[PDB]
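One structure is given below, encoded as structure tokens.
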Amino acid sequence: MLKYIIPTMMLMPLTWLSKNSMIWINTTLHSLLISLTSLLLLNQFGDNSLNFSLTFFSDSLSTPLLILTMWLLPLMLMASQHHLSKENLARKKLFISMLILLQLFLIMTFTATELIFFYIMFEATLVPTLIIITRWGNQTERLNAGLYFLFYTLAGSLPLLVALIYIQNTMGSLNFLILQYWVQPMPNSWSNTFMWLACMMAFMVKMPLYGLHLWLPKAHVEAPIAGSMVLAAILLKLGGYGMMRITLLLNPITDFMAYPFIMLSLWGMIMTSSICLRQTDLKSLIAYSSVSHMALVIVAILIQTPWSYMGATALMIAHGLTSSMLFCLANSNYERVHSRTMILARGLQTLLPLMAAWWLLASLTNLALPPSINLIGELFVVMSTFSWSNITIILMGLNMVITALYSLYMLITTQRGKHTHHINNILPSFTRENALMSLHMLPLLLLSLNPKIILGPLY
Amino acid sequence: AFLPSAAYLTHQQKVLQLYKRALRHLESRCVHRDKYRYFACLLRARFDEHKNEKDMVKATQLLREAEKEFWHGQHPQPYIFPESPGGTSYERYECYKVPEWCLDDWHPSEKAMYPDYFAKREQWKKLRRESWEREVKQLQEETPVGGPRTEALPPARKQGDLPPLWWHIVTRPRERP
Amino acid sequence: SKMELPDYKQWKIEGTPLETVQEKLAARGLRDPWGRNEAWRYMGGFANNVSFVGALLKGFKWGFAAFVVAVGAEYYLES
Amino acid sequence: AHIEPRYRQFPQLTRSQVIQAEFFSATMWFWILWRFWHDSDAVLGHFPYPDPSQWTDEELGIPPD
Amino acid sequence: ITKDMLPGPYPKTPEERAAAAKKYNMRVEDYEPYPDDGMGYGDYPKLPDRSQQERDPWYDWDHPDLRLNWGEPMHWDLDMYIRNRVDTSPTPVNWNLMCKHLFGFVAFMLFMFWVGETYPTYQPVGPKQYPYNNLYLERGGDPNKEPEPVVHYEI
Amino acid sequence: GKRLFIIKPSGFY
Amino acid sequence: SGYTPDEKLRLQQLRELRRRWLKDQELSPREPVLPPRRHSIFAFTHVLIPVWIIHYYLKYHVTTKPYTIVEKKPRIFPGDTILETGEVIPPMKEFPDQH
Amino acid sequence: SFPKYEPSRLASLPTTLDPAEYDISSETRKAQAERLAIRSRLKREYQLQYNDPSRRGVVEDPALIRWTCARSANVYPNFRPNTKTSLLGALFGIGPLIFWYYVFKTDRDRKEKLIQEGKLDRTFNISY
Amino acid sequence: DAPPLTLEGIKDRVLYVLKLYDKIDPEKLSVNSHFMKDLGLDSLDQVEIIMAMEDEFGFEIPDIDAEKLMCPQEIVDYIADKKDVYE
Ligand SMILES: CCCCCCCCCCCCCCCCCC(=O)OC[C@H](COP(=O)([O-])OC[C@H](O)COP(=O)([O-])OC[C@H](COC(=O)CCCCCCCCCCCCCCCCC)OC(=O)CCCCCCCCCCCCCCCCC)OC(=O)CCCCCCCCCCCCCCCCC
Ligand SMILES: CCCCCCCCCCCCCCCCCC(=O)OC[C@H](COP(=O)([O-])OCC[N+](C)(C)C)OC(=O)CCCCCCCCCCCCCCCCC
Ligand SMILES: CCCCCCCCCCCCCCCCCC(=O)OC[C@H](COP(=O)(O)OCCN)OC(=O)CCCCCCCCCCCCCCCCC
């Protein structure tokens, strides 16, 4: 995986030696080249993962998250270069360096063969994200949002550190490839109950679990646009990736440890979706919708059936692209009206028709319109949860009502109705902005042609 | 009740508005024109019966039970004009009513398609920006202390001045753009 | 461009149901001041509209004629 | 020439719309009468409905005891 | 915008109530706050809980789609009482009478469907008669087994 | 004759 | 009563400015100043070329794979002649004539 | 006589059937005139900025910013844990979790008990 | 479809509806004949005149505007402003 680590590190002298007008173009160009190179990871096999070395390996779970991670960096550079135009040159290079460092930490988070190196990268991703939120966020509450984002995560993750070192001392290894073959069943005891909580609660915070999600409608809201893109599209998915790696070791106790948390998501996705019906802040609506979508991934990983893991990894990739595009649309209106209040700028289809078409497409992917991979992941999770217990379709189907009802309300409040009279700085859609919307939406639509690459290791 | 110029409705205004609402709901009940015309003259006679009532408590009481009469005898789906609020074509063309300032955001290759129109728009914008300071100082020299009392605006008192706060009334979009 | 409105003096309510309305209003001491406004609806080409069975039997005469011709055609054509 | 709008009076009719409207009305009544002449049983009844009370006990096998 | 124009805690003294009413651009006699039970409202005015459909539509509003003026203190559930949503407008029939009529009609129709299901209509005929042992091989019967002979006679 | 200008947003971009 | 003299004066002045604005929304005879820019081809490009493409696709890529175009077998009556065999299907038993 | 209109929470009383609508008293005249003055002052303050040629942007509405700040940030600094909020947080926060827990637990216990006794028709169920 | 209104056409139609009203003699009526002062009509008659204007032109005049149109020229100017004639 060193053929992706070294170009990502060479992005640092590429941005610190570029000319002062050239640091966006060069980083965008070569991060798109790294994203083009990322497709070589699709050398996957039906039985064996692509096992590079003692340190790095990539199965069909890590591979779509790697492609999405390496694709998200140029899109974040395009999204973030407008509001940092008057920024100091060295602080601009520090911002780009934090994004590059975050990509570097993520692409060897997903390919970490051994789990304590997974933990070190998984918690190394906090520091650039924390710095981006608390340094280039816009409002006063970015500092409190950074504190919440840091301290839910560490309070979750330090028992994970203790539990992973315990697995190291007991099983002798934390290689995932070794632990595929040396995994011992985990019986019913209180020691194994807190073993399960220590192995799971960090990823429960990072998904986020409902009830532990409180960091997110601050951290996703107070961040700048590149911070919201990487938090929604990649950094929530570290929790689901780590759950799919760690629930190998947690059988068969998971079959009765999952019961509270499944409830916490199956009711919680009803609640947060309902919360999206009454959000006045558009960016907070997208944050609570991210919680609502990741609750299904939490249920699908806890019920641990093949259809559930396939729908969970499809829904993770699909939600990455969809929520990243939704935050970019919300920023494209924030760069004009300078307020995140959704009721302020109305009737924008009269003023920006092509941008309203992008709003329509991202809303339809948010509400899981078939045959998008949003609907593929949504549908496979609903199939597996119906096979889990037949009553859950109620909480699924009711969810799919409310998920429509905030997605089109977001489409109706912002784009439809009479336009606001006193707002007159509504510029036409820049080419950078429409390029950003298309570079989100067009891969999300092309993946419906060949969805088998985003369906995990057990397609 | 709720009016821009007046703080209230007078009793006479309440009687007139009840009369018009009663005739519209009667026309909704009495579809054909001759039959409506007969019952409308009968309702006009009912309003002419208590026209010269001088006891204002008695007139207010009669207006109140006439409102209760109307509320019992209203049509469930009254006739609404198509562009009236509640109509079928009400606020239909609001998606086509693009404001004028968006013409400022046009590219010069699509402004060159209409040379005379934008050359004529420039003198409208110039007239507005030279009238603006005169009409602000007209508003501040005429508004009483404590702010304005009603939402009415004064007219242009001098020759050469334009009325204050005139741009978004004159340059509003058409009803059929 | 310039449209010519017809004369206002040709709209008289005699022979229309507005006359019956005005007579029933004068039977109790009233008078009908909007009769000539509504008078055009009951006059001109909009007077003498058909009944409902006359509405349904629009074209029944020519349809019955074509029916009898076609029945006679197949009654002769079999021979 | 297209239709000129009129005020408080009957509008201008084209010959073509009148003859087409009358032609399709006559077509409807021709079709109704023609199919009523030929089929005559989809409306009034295809087969006779027999009376069960007029049936003999011999053909239904009711031995008298 | 600054600190003293933002919403604050629940007013208890009449001067704090008057400063709150001046902040929310409304009269002191019209300014009622929410009851101080600790639900998180603070000094925010309890506007009289109407939909925005009931606002005068012929009035020139600053926001004509919302029927709402600039500077006017918005209702707490303004996003709820928009005209795309929950209406409170006066109904020609009483609300309780509407509920009683609709519940009576739906319950009576479901009761009469239960009655007609208990007492179904039919025709004075016997069962439809099929050959080959009520079509045993056609209905998916296996050919190695043999059904009992279902025999239909002439009548 | 009597052609009216249609105020529309900028369709150039 | 109706308007005050101030309201009549303001509505007259706004009306004059509005009628000037609406008149000035008209067009010039040169405007819009534009920049300087096979009988049954619809039956060829939209129909016949898709019949060619779809027939090639179904003949050499779809029917070359099993169970992709699965047709219901044709209906066989007493009295038919099979094309692939020549085997005459024997006709039905004689009817107990009812009318 | 006529049936009296009974107003409800979602079907309010008409303007013309309210007995306070016909107040000719001087205190109601003062209240309506003071509301007219507040509304006219806010209207003038809006449309001075709204009709400005030099202004290009958003006429900020402190009523709107005030509403969003009350809906978002003012909720916890004006919260007090008392009887009402504790019973509503236990009733609406952990109540449905307990409810769906016992429902799904009883359903899965019944289903597992049927499966390991060979009773559930699981004949073609091979996708899970 | 939708023929454009002019000031002369609206004036002709408003005076035409007022010449068909049996409480106004059509020889005294002009464009500035005030209904309460010159023509001597009731306020109920003014309401009925505005309702006949609504039935004539097909759009509702609100009461805050209906209670102030006191001569036919005011009615023609109001219909002109609400329909944007002489474009
Ligand atoms: C590998 C090769 C692949 C080739 C095939 C392509 C496969 C899909 C790729 C992506 C397709 C969408 C891209 C165009 C739309 C987005 C931009 C836009 O709106 O432009 C409007 C604009 C035309 O409008 P305009 O008048 O000029 O201005 C717009 C107005 O401002 C305002 O405009 P408006 O609002 O009036 O109109 C917007 C309207 C809005 O229309 C709607 O909202 C209706 C659509 C939803 C309901 C109906 C469809 C439901 C699903 C059924 C269809 C899928 C399955 C069908 C198969 C049979 C059943 C299985 O959009 C459309 O009608 C688009 C038609 C296609 C829709 C596809 C589905 C999107 C819906 C959401 C997701 C649904 C599930 C996923 C489906 C994925 C399928 C692969 O389009 C363009 O100018 C086209 C730009 C270039 C398009 C390139 C497409 C390829 C991109 C990938 C590049 C790399 C690979 C190379 C392929 C190259 C192919 C040539
Ligand atoms: C985000 C906030 C919430 C985070 C929740 C994090 C998980 C919650 C549970 C964590 C428990 C502590 C780590 C357990 C590691 C288990 C490893 C192991 O081998 O266990 C078996 C071992 C068993 O010992 P052993 O394995 O050495 O013995 C051999 C085996 N037997 C027992 C059979 C002889 O367990 C323990 O020794 C103790 C485990 C329980 C520890 C209780 C203390 C902590 C209580 C919970 C704290 C939660 C977070 C607090 C902070 C919140 C925010 C401020
Ligand atoms: C074979 C079995 C058959 C069973 C049949 C009986 C079961 C179903 C019973 C009916 C349930 C649905 C009907 C109730 C909700 C209707 C919502 C709706 O459409 O409201 C419309 C309303 C405004 O519209 P309106 O006022 O009518 O428009 C007038 C013009 N201005 O719009 C709004 O106010 C916007 C509101 C947006 C948010 C809506 C929140 C409520 C969502 C309810 C979801 C219910 C899900 C149920 C799931 C069941 C699962 C089994």
Side-chain angles (χ1 to χ4, degrees), chain A residues 148 151-170 186-187 189-206 208-209 211-215 270 273-274 276-278 318 322 349 352-376 391 393-402 404-406 408-409 411-412 415 429 434 437-451, chain B residues 85-86 90, chain E residues 51 53 79-89 106 110, chain F residues 9 11 13, chain H residues 10:
Chain A
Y148 278 102
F151 284 103
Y152 282 10
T153 302
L154 290 168
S157 70
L158 269 61
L160 179 61
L161 178 63
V162 177
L164 287 172
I165 297 166
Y166 183 81
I167 297 167
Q168 181 76 44
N169 298 128
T170 300
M186 185 173 287
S189 66
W190 293 106
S191 296
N192 295 120
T193 294
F194 288 97
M195 190 71 209
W196 193 86
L197 263 70
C199 291
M200 290 296 288
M201 285 293 285
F203 305 118
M204 287 288 171
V205 171
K206 296 292 288 184
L209 182 70
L212 297 172
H213 67 279
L214 276 304
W215 62 273
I270 303 301
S273 297
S274 297
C276 293
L277 292 176
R278 295 293 300 274
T322 301
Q349 185 175 358
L352 267 63
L354 181 64
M355 190 61 72
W358 294 117
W359 276 102
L360 175 58
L361 293 178
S363 297
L364 291 179
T365 56
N366 194 6
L367 59 88
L369 183 63
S372 67
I373 54 166
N374 277 305
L375 193 274
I376 293 169
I391 303 172
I393 187 65
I394 295 170
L395 295 178
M396 288 298 171
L398 195 146
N399 191 7
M400 290 184 284
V401 175
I402 307 171
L405 287 178
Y406 65 82
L408 296 180
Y409 177 68
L411 187 65
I412 287 168
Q415 304 300 312
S429 298
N434 291 319
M437 302 313 116
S438 57
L439 289 173
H440 285 96
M441 179 50 69
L442 299 180
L444 185 63
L445 295 178
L446 289 174
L447 285 171
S448 296
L449 298 173
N450 199 1
Chain B
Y90 175 67
Chain E
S51 178
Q53 183 68 41
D79 55 352
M80 182 179 177
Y81 288 114
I82 55 171
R83 298 191 294 116
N84 296 110
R85 280 185 170 180
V86 180
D87 195 2
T88 62
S89 294
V106 173
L110 293 176
Chain F
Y13 301 104
Chain H
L10 295 169

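Proteins get letters first, then strands, A, B, ... in listed order; numbering begins at 1 in each. Scope of the values below: all heavy atoms of this structure, side chains included, with no hydrogens, waters or symmetry mates. Whatever order the structure lists them in is the order used to number ligands and atoms, beginning at 1.
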Does atom 50 (C) of ligand 3 have a protein non-hydrogen atom under 4.0 Å from it? no
Give the single entry among A:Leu369, A:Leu449, A:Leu446 that approaches atom 74 (C) of ligand 1 most closely by any heavy atom. A:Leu369
Atom 3 (C) of ligand 2: which protein heavy atom is closest, and how many Å away? A:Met201 CE, 4.1 Å
Between the side chain of A:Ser448 and the main-chain N/O of A:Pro371, is any donor-acceptor distance below 3.5 Å? yes
What atoms of ligand 1 come closer than 4.0 angstrom to any heavy atom of A:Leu354? 31 (O)
Proximal candidate to atom 15 (C) of ligand 2 [heavy atom criterion; set A:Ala198, A:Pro187, A:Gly156]: A:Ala198
Considering only protein heavy atoms, which is closest to atom 31 (N) of ligand 3, and at what distance to one decimal place? E:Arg83 O, 4.5 Å
Examine distances only and state if a side-chain atom of E:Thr88 and a backbone atom of E:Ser51 form a donor-acceptor pair shorter than 3.5 Å. yes
My question is simple, although I want it checked carefully: is atom 33 (C) of ligand 3 less than 4.0 angstrom from any protein heavy atom? yes
State the atoms of ligand 1, each with its element, that fall below the 4.0 Å cut-off from a heavy-atom position in A:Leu360. 40 (C), 43 (O)
In this structure, does ligand 3 have an atom that sits under 4.0 Å from one of the heavy atoms of A:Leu277? no
Could you find the nearest protein heavy atom to atom 7 (C) of ligand 2 and give me its residue, atom name and distance? A:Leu197 O, 3.6 Å
Got a protein heavy atom sitting under 4.0 Å from atom 16 (C) of ligand 3? no
For atom 19 (O) of ligand 2, which candidate among A:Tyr166, A:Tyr152, A:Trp190, A:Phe151 provides the closest heavy atom? A:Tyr166
Of all the non-hydrogen atoms in the protein, which one sits nearest to atom 44 (C) of ligand 3, and at what distance? A:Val401 CG1, 4.0 Å
Tell me: protein heavy atom nearest atom 36 (C) of ligand 3, and distance? E:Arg85 CG, 4.5 Å
Contact between E:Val86 and ligand 3, counting heavy atoms under 4.0 Å? yes
Closer than 4.0 Å: a protein non-hydrogen atom to atom 24 (O) of ligand 3: no
Less than 4.0 Å is my threshold; does some heavy atom of A:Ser438 fall inside it relative to ligand 1? no
Within less than 4.0 angstrom of ligand 3, does E:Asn84 place any heavy atom? yes
Is E:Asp87 touching ligand 3 with its side chain, its backbone, both, or neither, if touching means heavy atoms under 4.0 Å apart? neither
Nearest to atom 54 (C) of ligand 2, what protein heavy atom do you find, and at what distance? A:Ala155 CB, 4.6 Å
Could you pull out the closest heavy-atom pair between A:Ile270 and A:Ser274, with the gap in Å? O-OG, 2.7 Å
Between A:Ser189, A:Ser191, A:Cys199, A:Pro159, which one has a non-hydrogen atom sitting closest to atom 22 (C) of ligand 2? A:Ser191
the protein heavy atom lying closest to atom 18 (C) of ligand 2 turns out to be A:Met195 SD, 3.6 Å
Tell me which one of A:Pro353, A:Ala362, A:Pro371 gets a heavy atom nearest to atom 55 (C) of ligand 1. A:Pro371
So which heavy atom in the protein is nearest atom 46 (C) of ligand 2, and how far is it from that ligand atom? A:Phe194 CE2, 4.9 Å
Could you see which bit of A:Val205 sits under 4.0 Å from ligand 2, with heavy atoms only: side chain, backbone, both or neither? side chain
Atom 40 (C) of ligand 3 [closest protein heavy-atom partner, distance rounded to 0.1 Å]: A:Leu405 CD1, 4.3 Å
Sub-4.0 Å atoms of ligand 1 with respect to non-hydrogen atoms of A:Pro370: 51 (C), 74 (C), 75 (C)
Looking at atom 44 (C) of ligand 1, would you say a protein heavy atom lies below 4.0 Å from it? no
Closest protein heavy atom (residue, atom, distance) for atom 47 (C) of ligand 3: A:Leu398 CD1, 4.9 Å
Heavy-atom count around A:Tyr148 OH within 6.0 Å, excluding the residue itself: above 12? no
